[PDB]
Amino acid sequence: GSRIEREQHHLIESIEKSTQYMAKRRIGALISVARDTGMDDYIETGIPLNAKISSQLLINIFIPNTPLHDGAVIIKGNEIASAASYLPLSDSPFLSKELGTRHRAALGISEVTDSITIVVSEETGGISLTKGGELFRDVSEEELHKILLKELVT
(Lines of atoms letter the chains of each structure in order from A and count residues from 1; the text may use other names and numbers.)
(Lines give C-alpha, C1' and ligand atoms only; values in the text may rest on other atoms or scores of the structure.)
Protein backbone atom coordinates (compact mmCIF):
# COMPACT_ATOMS: atom_id res chain seq x y z
CA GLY A 1 0.00 0.00 0.00
CA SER A 2 2.51 2.59 1.17
CA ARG A 3 5.50 0.53 -0.01
CA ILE A 4 4.33 0.83 -3.62
CA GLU A 5 3.91 4.59 -3.17
CA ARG A 6 7.57 4.83 -2.14
CA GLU A 7 8.51 2.72 -5.17
CA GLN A 8 6.58 5.00 -7.54
CA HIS A 9 8.32 8.14 -6.27
CA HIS A 10 11.64 6.34 -6.66
CA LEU A 11 10.54 5.50 -10.21
CA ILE A 12 9.74 9.17 -10.81
CA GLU A 13 13.03 10.35 -9.32
CA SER A 14 14.92 7.72 -11.35
CA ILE A 15 13.32 8.98 -14.57
CA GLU A 16 14.01 12.64 -13.74
CA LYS A 17 17.68 12.13 -12.87
CA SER A 18 18.46 9.88 -15.85
CA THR A 19 16.68 12.12 -18.37
CA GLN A 20 18.50 15.19 -17.03
CA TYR A 21 21.85 13.43 -17.42
CA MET A 22 21.02 12.30 -20.96
CA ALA A 23 19.48 15.64 -22.00
CA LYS A 24 22.67 17.54 -21.11
CA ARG A 25 24.67 15.14 -23.32
CA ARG A 26 22.08 14.84 -26.13
CA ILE A 27 21.81 11.09 -25.56
CA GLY A 28 18.64 9.73 -27.13
CA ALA A 29 16.39 7.71 -24.85
CA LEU A 30 13.00 6.02 -24.89
CA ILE A 31 11.41 4.88 -21.61
CA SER A 32 7.90 3.39 -21.55
CA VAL A 33 6.17 2.77 -18.20
CA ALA A 34 3.39 0.18 -18.44
CA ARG A 35 0.17 0.51 -16.46
CA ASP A 36 -3.16 -1.34 -16.55
CA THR A 37 -2.70 -2.42 -20.18
CA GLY A 38 0.12 -4.95 -20.16
CA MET A 39 3.00 -4.44 -22.58
CA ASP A 40 4.17 -8.05 -22.30
CA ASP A 41 4.33 -8.61 -26.07
CA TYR A 42 6.77 -5.71 -26.50
CA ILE A 43 8.85 -6.72 -23.47
CA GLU A 44 9.48 -10.00 -25.29
CA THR A 45 10.99 -8.15 -28.27
CA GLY A 46 13.86 -6.72 -26.21
CA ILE A 47 16.69 -8.01 -24.05
CA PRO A 48 15.28 -9.04 -20.65
CA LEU A 49 16.74 -7.38 -17.55
CA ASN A 50 14.18 -7.78 -14.73
CA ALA A 51 16.36 -5.33 -12.82
CA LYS A 52 15.83 -2.93 -9.95
CA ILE A 53 14.96 0.61 -11.01
CA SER A 54 17.75 3.17 -10.73
CA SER A 55 18.86 6.30 -12.54
CA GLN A 56 22.33 4.76 -12.84
CA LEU A 57 21.10 1.70 -14.76
CA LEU A 58 18.84 3.80 -17.00
CA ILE A 59 21.83 5.96 -17.95
CA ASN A 60 24.11 2.99 -18.64
CA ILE A 61 21.47 1.38 -20.86
CA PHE A 62 21.19 4.30 -23.28
CA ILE A 63 24.92 4.93 -23.80
CA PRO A 64 25.30 5.12 -27.61
CA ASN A 65 26.71 2.20 -29.60
CA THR A 66 26.19 -0.24 -26.71
CA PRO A 67 24.29 -3.56 -26.82
CA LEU A 68 21.29 -2.21 -24.86
CA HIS A 69 20.74 1.28 -26.30
CA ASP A 70 19.03 0.61 -29.66
CA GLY A 71 15.39 0.53 -28.63
CA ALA A 72 13.03 1.22 -25.76
CA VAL A 73 13.28 0.45 -22.06
CA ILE A 74 10.00 -0.92 -20.71
CA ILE A 75 9.29 -0.59 -16.98
CA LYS A 76 6.65 -2.99 -15.64
CA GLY A 77 5.55 -2.90 -12.02
CA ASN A 78 8.70 -2.12 -10.03
CA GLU A 79 11.30 -3.46 -12.46
CA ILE A 80 13.14 -2.49 -15.62
CA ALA A 81 11.63 -5.37 -17.59
CA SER A 82 13.58 -5.06 -20.84
CA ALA A 83 15.87 -2.89 -22.94
CA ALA A 84 16.21 -2.58 -26.72
CA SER A 85 12.51 -3.45 -27.02
CA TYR A 86 10.63 -2.30 -30.10
CA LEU A 87 7.46 -0.19 -30.03
CA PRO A 88 4.99 0.31 -32.89
CA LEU A 89 5.43 3.48 -34.93
CA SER A 90 2.45 5.81 -35.17
CA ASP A 91 1.07 6.57 -38.64
CA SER A 92 -0.05 10.05 -37.59
CA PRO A 93 0.69 12.77 -40.17
CA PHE A 94 0.11 15.40 -37.46
CA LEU A 95 3.38 14.49 -35.72
CA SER A 96 5.99 17.10 -36.60
CA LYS A 97 8.55 15.93 -39.15
CA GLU A 98 11.48 17.48 -37.25
CA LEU A 99 10.92 14.79 -34.62
CA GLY A 100 12.44 11.36 -35.07
CA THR A 101 11.79 7.65 -34.72
CA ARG A 102 11.80 7.66 -30.90
CA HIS A 103 9.02 10.25 -30.85
CA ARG A 104 7.04 8.28 -33.44
CA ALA A 105 7.56 5.08 -31.44
CA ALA A 106 6.48 6.78 -28.21
CA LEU A 107 3.38 8.12 -29.94
CA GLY A 108 2.58 4.72 -31.45
CA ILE A 109 2.65 2.88 -28.13
CA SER A 110 0.54 5.59 -26.46
CA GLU A 111 -2.21 5.02 -29.04
CA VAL A 112 -2.72 1.31 -28.24
CA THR A 113 -1.76 1.27 -24.53
CA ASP A 114 -2.38 3.54 -21.56
CA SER A 115 1.35 3.63 -20.79
CA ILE A 116 3.44 6.74 -20.06
CA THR A 117 6.44 7.05 -22.38
CA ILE A 118 9.33 9.50 -22.01
CA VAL A 119 11.68 10.54 -24.83
CA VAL A 120 15.00 12.37 -24.87
CA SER A 121 15.87 13.81 -28.28
CA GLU A 122 19.43 13.18 -29.43
CA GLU A 123 19.16 16.17 -31.78
CA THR A 124 17.97 18.80 -29.28
CA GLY A 125 18.15 17.21 -25.82
CA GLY A 126 14.48 18.04 -25.27
CA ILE A 127 12.31 15.78 -23.11
CA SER A 128 8.93 14.75 -24.51
CA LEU A 129 6.09 12.60 -23.19
CA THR A 130 3.28 10.63 -24.80
CA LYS A 131 -0.01 9.46 -23.30
CA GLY A 132 -3.22 8.32 -24.99
CA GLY A 133 -2.16 9.39 -28.47
CA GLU A 134 -1.08 12.86 -27.31
CA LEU A 135 2.39 14.43 -27.35
CA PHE A 136 3.79 16.80 -24.71
CA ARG A 137 6.79 18.18 -26.60
CA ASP A 138 9.88 19.71 -24.96
CA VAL A 139 8.52 19.87 -21.42
CA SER A 140 10.33 21.65 -18.61
CA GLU A 141 11.49 19.95 -15.42
CA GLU A 142 8.49 21.30 -13.50
CA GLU A 143 6.12 20.08 -16.21
CA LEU A 144 7.80 16.66 -16.29
CA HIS A 145 7.57 16.35 -12.50
CA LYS A 146 3.88 17.28 -12.43
CA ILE A 147 2.93 14.86 -15.22
CA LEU A 148 4.92 11.96 -13.77
CA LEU A 149 3.57 12.64 -10.28
CA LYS A 150 -0.02 12.64 -11.51
CA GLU A 151 0.27 9.64 -13.85
CA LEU A 152 2.58 7.32 -11.88
CA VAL A 153 1.56 7.81 -8.22
CA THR A 154 -1.83 6.11 -7.86
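We number the residues from 1 along the sequence you see. Basically, rigid core = biggest C-alpha set you can superpose within 1.5 Å across the two forms.
Across the superposed structures in 8 other deposited structures of this protein, aligned by the core, the stretch whose Cα atoms lie more distant on average is 35-43, chosen from 35-43 and 55-63. Compared with the other modelled residues of the chain, the Cα B-factor recorded for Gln20 ranks in the middle third. Split the chain's modelled residues into thirds by C-alpha temperature factor. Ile63 is in the middle one.
Per-chain ranking of the deposited C-alpha B factor places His69 in the middle third. Ranked within its chain, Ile47 lands in the lowest third, by CA B factor from the PDB record. When all modelled residues of the chain are sorted by CA temperature factor, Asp138 is found within the middle third.
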